[PDB]
Number of protein chains: 2
Amino acid sequence: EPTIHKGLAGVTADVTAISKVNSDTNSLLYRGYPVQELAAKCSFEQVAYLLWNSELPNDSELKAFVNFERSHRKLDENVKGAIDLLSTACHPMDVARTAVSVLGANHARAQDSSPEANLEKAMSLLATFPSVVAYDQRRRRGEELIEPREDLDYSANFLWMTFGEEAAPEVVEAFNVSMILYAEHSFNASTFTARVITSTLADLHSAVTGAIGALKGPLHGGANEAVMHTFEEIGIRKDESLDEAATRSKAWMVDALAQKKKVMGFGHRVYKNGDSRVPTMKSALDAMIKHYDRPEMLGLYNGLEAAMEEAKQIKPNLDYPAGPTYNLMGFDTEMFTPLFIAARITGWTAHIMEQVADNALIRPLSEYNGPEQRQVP
Amino acid sequence: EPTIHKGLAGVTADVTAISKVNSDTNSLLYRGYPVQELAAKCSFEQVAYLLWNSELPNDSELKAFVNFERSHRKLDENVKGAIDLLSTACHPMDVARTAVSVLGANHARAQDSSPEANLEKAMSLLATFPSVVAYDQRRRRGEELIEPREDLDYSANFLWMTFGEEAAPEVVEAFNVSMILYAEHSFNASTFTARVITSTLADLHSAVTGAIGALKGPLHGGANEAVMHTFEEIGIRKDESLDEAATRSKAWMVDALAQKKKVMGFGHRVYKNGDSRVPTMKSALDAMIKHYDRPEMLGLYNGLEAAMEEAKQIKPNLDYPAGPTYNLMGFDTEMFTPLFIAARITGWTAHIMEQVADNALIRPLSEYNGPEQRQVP
């Protein structure tokens with residue numbers, strides 16, 4: 001009998017020069033640079049450039065990159081039209097999936113996968129995607145589209161188009177950090193989906209559209225939305241002693257755990273000792289707790305993670321501190337995963353291009369366990 | 001060092017009860033039944049029911065299944081609207097990808113993945129997809145949508161909506177055979193993409209939308225369109241002696257082979273001794289050659305396969321005889337892969353449901369070979 005590799009656990013599918021994920025040391029390198037260091041002193045734009053070019057940009061390279069980014073943000077007429085054909089009650093990920101699908105379809109160079117074509121498509125997609133997210137949230141709130149501002153950077157513009165008012169320096173900074181942390185992460189389900197689609201020699205947009213579908217699930221990127229929904233189930237409140245928070249948090253967890261349910265925002269396929277991005281994202285969460293003056297959040301937050309460690313020895317992942325952060329920022333919970341897409345577009349496309357450069361069709365085998373050979377009547 | 005499994009070649013990713021693919025004996029079983037036998041005496045509807053239910057339908061079950069199918073064919077207003085926002089010059093697969101994305105987004109039960117919900121979504125999707133393909137081809141020809149006919153079966157209706165005239169018995173029969181042959185095929189790239197997306201607990205439509213992206217590539221389903229494009233490059237002609245066909249076919253192949261190019265419609269990741277579906281599809285192709293009275297096709301067809309066997313000892317795959325078949329039927333070459341989708345929806349959704357029933361996140365590892373750890377300046 002062959003060895004069955006359920007979920008491809010522990011299976012090395014390929015080599016990659018984009019990032020290194022180390023469980024033992026809770027470390028993550030983006031083309032050699034530790035993510036904590038990039039988050040501490042780089043803009044998402046620099047990190048986006050880094051992931052694609054394998055090097056941090058010099059002043060002139062960054063200027064050109066930033067100029068292209070800020071001039072490719074406007075939401076295409078047909079893409080907006082497609083979003084308006086979708087109900088304001090459908091899932092934001094399905095809207096993102098549709099938007100990117102239309103973007104790829106009407107793209108002048110949809111069929112060209114040359115390094116130059118893919119980079120241009122990748123950068124243009126990264127630039128325009130935030131307009132999809134911002135408009136999707138505003139339309140649900142009965143509001144209208146807000147045009148991009150060339151005087152605002154990626155993060156400041158993202159917040160601007162969504163809320164129609166410039167965010168505080170601390171807020172755009174905490175948002176920038178989350179984009180960098182979510183940017184890239186080896187062969188996760190969505191990135192691998194993108195590589196499988198690419199392995200067939202299908203285009204970049206086809207790959208991203210499939211990756212978006214994968215990122216949607218609660219076991220993947222959908223965990224950030226799930227984390228916040230969970231905090232909404234349990235009462236948020238204010239004034240309640242830490243007893244309320246911890247007793248109720250553990251109580252919600254106790255009830256979920258006894259029902260054999262998984263608690264989202266905890267655990268990881270690779271990280272067995274803690275997420276490399278958690279300390280950084282938690283620091284951003286703390287900055288936001290302080291900024292919006294809402295220490296109440298921590299009650300439920302601390303209580304649930306303490307209870308998980310105690311009951312299952314499972315530490316939180318990036319989605320745990322990220323959900324509450326976007327909540328404080330004013331985003332609707334359903335929009336949390338689309339925010340992950342916005343950032344992960346960088347990692348997805350870098351892998352798509354890497355896959356194209358050293359391709360081999362990805363097509364595994366299955367072991368049959370169905371009905372034995374029968375003759376058709 | 002770990003063992004790198006490029007393209008997951010020879011890697012058994014999971015177990016499956018849906019189909020068995022055997023290279024040694026050029027065999028393919030659909031829930032126990034040999035595909036040749038199902039193609040010889042079953043309708044696609046019976047095969048669709050078989051793949052989902054693990055059993056061939058009895059008279060009453062088939063009646064109910066057929067009744068649901070024929071009443072869920074109409075193209076949804078918003079889906080057509082989305083197609084009309086796409087240029088008549090974009091790739092048909094990108095139109096299919098967009099259509100299914102909109103279908104999933106506006107679906108009342110998009111977030112429910114229960115066996116009942118997924119089956120209903122699977123069957124409804126299978127029923128309505130042909131309207132997407134038919135309208136997509138007709139709109140490009142400056143024609144209008146043709147409504148479904150409840151008095152016509154899946155195949156006859158498919159041809160009806162596309163051409164606006166009922167097809168000959170032999171034609172709907174050869175079309176039915178191609179749907180059955182394309183229906184299911186273990187862990188191919190598109191089906192695996194669907195399982196990876198599902199492994200995240202994302203919805204059925206998200207999975208199918210990603211699978212469509214994967215099926216698009218020339219190395220996968222896109223090979224059927226590529227096969228015909230190749231026949232178009234080389235002159236089709238009539239009257240030319242078999243010398244014209246064979247000398248020119250080998251010549252085109254000789255020039256492609258010397259340029260290190262791959263010839264589409266030949267080779268397979270699993271089948272090393274011939275495709276289990278080729279003899280059946282070739283028989284359908286022959287039936288169509290006879291029906292439309294066009295023996296000229298065989299000149300180029302025979303010559304190219306003979307030349308491939310001689311030069312590379314590589315036999316044709318299902319897409320080789322399928323492309324010329326759909327061409328004779330009157331479909332535009334760009335529409336060949338969407339026809340593959342129409343059929344493969346059955347296999348894709350059966351795997352999606354199987355994945356949901358015995359889930360494990362699919363997330364492999366990568367081996368880093370990028371820049372060694374550097375400090376951010």
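Residue numbering restarts at 1 for every chain, and letters A, B, ... go by the order of the sequence lines. Below, all heavy atoms of this structure are taken into account, side chains as well, without hydrogens, waters or symmetry copies.
With a 4.5 angstrom heavy-atom cutoff, B:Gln111 touches chain A only via side-chain atoms. A:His351 does not touch chain B: none of its heavy atoms, backbone or side chain, sits under 4.5 Å away. Within the 4.5 angstrom heavy-atom criterion, no atom of B:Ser113 approaches chain A. For A:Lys6, the parts sitting under 4.5 Å from any heavy atom of chain B are the backbone and the side chain alike. Using a 4.5 Å cut-off between heavy atoms, B:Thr3 contacts chain A through its backbone alone, with no side-chain atom that close. Neither the backbone nor the side chain of B:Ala207 comes within contact range of chain A; no heavy atom of the residue lies under 4.5 Å from a heavy atom of that chain.
Side chains of A:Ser366 and B:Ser186: a donor on one and an acceptor on the other come within 3.5 Å.
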Exercise. Does the side chain to side chain contact (heavy atoms under 4.5 Å, CB included) test come out yes or no for A:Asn106 and B:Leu86, once each step is laid out?
Worked result: CA-CA 6 Å; A:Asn106 289 336; B:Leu86 305 182; 4.0 Å; yes
For this session: Carefully, step by step, assess A:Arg374 and B:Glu55 under the rule salt bridge (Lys or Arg N to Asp or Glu O under 4.0 Å).
Result: CA-CA 11 Å; A:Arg374 340 143 111 160; B:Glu55 295 294 345; 2.7 Å; yes
For this session: Please step through side chain to side chain contact (heavy atoms under 4.5 Å, CB included) for the pair B:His205 and A:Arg97, ending with a clear verdict.
Result: CA-CA 10 Å; B:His205 293 272; A:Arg97 179 227 283 150; 4.2 Å; yes
Problem set entry | Verdict with supporting geometry, A:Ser206 and B:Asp94, side chain to side chain contact (heavy atoms under 4.5 Å, CB included) | CA-CA 8 Å; A:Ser206 286; B:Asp94 292 358; 4.0 Å; yes
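The residue among B:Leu201, B:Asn359, B:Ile18, B:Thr191 with the most heavy atom pairs within less than 4.5 Å of chain A is B:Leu201. Heavy-atom pairs under 4.5 Å with chain A peak, among B:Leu361, B:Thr209, B:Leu38, B:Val196, at B:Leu361. Note on B:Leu215, B:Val100, B:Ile4: by heavy-atom pairs under 4.5 Å with chain A, the leading option is B:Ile4. Each of A:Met93, A:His107, A:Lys216 has some count of heavy-atom pairs under 4.5 Å with chain B, and the biggest count is that of A:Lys216. Ranked by non-hydrogen atom pairs under 4.5 Å with chain A, the options B:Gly81, B:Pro2, B:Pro34, B:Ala110 are led by B:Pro34. Of all the listed residues (B:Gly104, B:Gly210, B:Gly217, B:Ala202), the one sharing the greatest number of non-hydrogen pairs under 4.5 Å with chain A is B:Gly217. Heavy-atom pairs under 4.5 Å with chain A peak, among B:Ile362, B:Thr16, B:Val102, at B:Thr16.
The shortest distance between side-chain heavy atoms of B:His220 and A:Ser199 does not fall below 4.5 Å. The closest side-chain heavy-atom distance from A:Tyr33 to B:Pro377 is below 4.5 Å. Side-chain contact between B:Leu8 and A:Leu8 is present, with heavy atoms from C-beta onward closer than 4.5 Å.
Taking both residues in full, the closest heavy atoms of B:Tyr368 and A:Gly32 are given as OH-N, 3.0 Å, listed atom of the first, atom of the second, then distance. In this structure, B:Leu85 and A:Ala82 approach most closely via the heavy-atom pair CD1-N, 3.4 Å. Nearest approach of A:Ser101 to B:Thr98, heavy atoms of both residues: OG-OG1, 2.7 Å. Closest of all the heavy-atom pairs between A:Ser54 and B:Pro371 is O-CG, 4.5 Å. When every heavy atom of A:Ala105 is checked against every heavy atom of B:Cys90, the shortest pair comes out as O-CB, 3.1 Å.
Of the possible donor and acceptor atoms, one in the side chain of B:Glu37 sits under 3.5 Å from a partner among the backbone N and O of A:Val376. Put simply, the side chain of A:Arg363 never gets that close to the backbone of B:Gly7: no donor and acceptor are under 3.5 Å apart.
One distance of note links CG of B:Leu219 with OG1 of A:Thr198; it measures 11.5 Å at 0.5 Å rounding. Distance CG/B:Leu365 to CG/A:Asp14: 12.0 Å, rounded to 0.5 Å. The CD1 atom of B:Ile197 sits 5.0 Å away from atom OG1 of A:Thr193, with the distance rounded to the nearest 0.5 Å.
Between B:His5 and A:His5, the ring-plane angle classifies as tilted under the 30° and 60° cut-offs.
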